Structures are given as structure tokens and as C-alpha cells.
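need a structure here:
(chains A and B)
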There are 2 protein chains.
Amino acid sequence: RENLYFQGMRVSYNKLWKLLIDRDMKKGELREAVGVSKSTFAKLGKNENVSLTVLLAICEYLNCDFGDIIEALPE
Amino acid sequence: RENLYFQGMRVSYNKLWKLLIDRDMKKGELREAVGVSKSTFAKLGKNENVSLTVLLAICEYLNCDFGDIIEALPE
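Numbers count the residues shown, from 1 in each chain, chains lettered A, B, ... in the order given. Okay, here it is:
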């Protein structure tokens, strides 16, 4: 619906993977605790966008903030 | 579509407002440079969720990262 004039950056979930290892957790543990669907969760592995609702739920469960799980990178 | 088991946190855009003052910019300048629609942009003023696409566009224009513009807070 938006016609934005900046389209050159992409999400990265690298920090999330580092955090899970820091907590001794596997990605399926995160998926299942939070209730994220299989296809949405798969977007994380592909650095594809998910909703802020999903990201907020991950922050709530992990006791973290957005900058601990996502980064804006050049595409 | 998701049935998540964490629903207690909300986005906050407080850091974005601080950053705009740091850059001597007004919110309408940001809206118009990036091309965000009026109703989407209004969500920012209300701490309502917007797409990662919108947030990425703001990061690209401001040369910043997610943790410079959003925070996860208790609702």
C-alpha cells in the first residue's frame, strides 16, 4: 500500500541466532515456546520480514529488545 | 494468522523522536522524504505497529539501525 522512496535495506536476524546460543537454546525451542507458525518462523531463517507482533513476542519471551535480534543491512 | 503465546509488549518510537531532534528535523520531513502515507505515519505517533518495510526505509534514510528508532516496552 506504501510507495516508499527507500527500498535498499533488508532485515537480518543474525543477532537472534547468537542470542539463542548464548541462552543454550535451539531455534525450534524458540518457535514452539512463542507459538510462531512454521512458515513465519521459516522467514527468520531467510532474513524475510515478519510482523512486529512476532518480534515483540520473541522480545517478551527472551527478555530482550529489538536491537538484540534484528539489524538493518544493505540488501 | 499467528496464535502467539506472548502478547504483553508494545512498540515504542520514542528513540525516533529523539533522533529527529538530534538531526534538527521535523516529523513531516521524515514522512515526506521517505514517502510514508499519512495513516501509516500516524501509527508512529500512537506507538502502533508498522511494517518492517517502513522501518527499513526510515533506517536507510536516517543512516541508522532498528535500535535507534524502536524499543520493546511493556504494554
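
all the strands of chain A, in order from the start?
Here chain A has its strands, by DSSP state E, at A:9-12, A:71-74.

please work out which of those is packed deepest.
Among the strands of chain A, ranked by average contacts under mean count of other C-beta atoms under 10 Å in any protein chain shown, first place goes to strand A:9-12 (a mean of 19). (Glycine included, C-beta is placed from N, CA and C.)

against which helices or strands is that strand packed?
In terms of contacts (3 or more C-beta pairs under 8 Å, 6 or more residues apart in numbering or on different chains; DSSP states H and E), strand A:9-12 is packed against strand A:71-74, helix B:52-62.

and the closest residue to residue A:1 other than its chain neighbours, how many neighbours does it have?
Take residue A:1 and drop its neighbours on the chain: the residue closest to it by C-beta to C-beta, 6 or more residues apart in numbering or on different chains is residue B:37, 7.0 Å away. The number of residues packed near residue B:37 is 14, by other C-beta atoms under 10 Å in any protein chain shown.

tell me how far residue B:37 lies from residue B:54.
9 Å (C-beta to C-beta, to the nearest Å).

let me see the contact set for the residue of chain A found nearest chain B.
Of all residues in chain A, the one sitting closest to chain B is residue A:67 (2.6 Å; C-beta to the nearest C-beta). Neighbour list for residue A:67: A:15, B:65, B:66, B:67 [criterion: C-beta atoms under 8 Å, 6 or more residues apart in numbering or on different chains].
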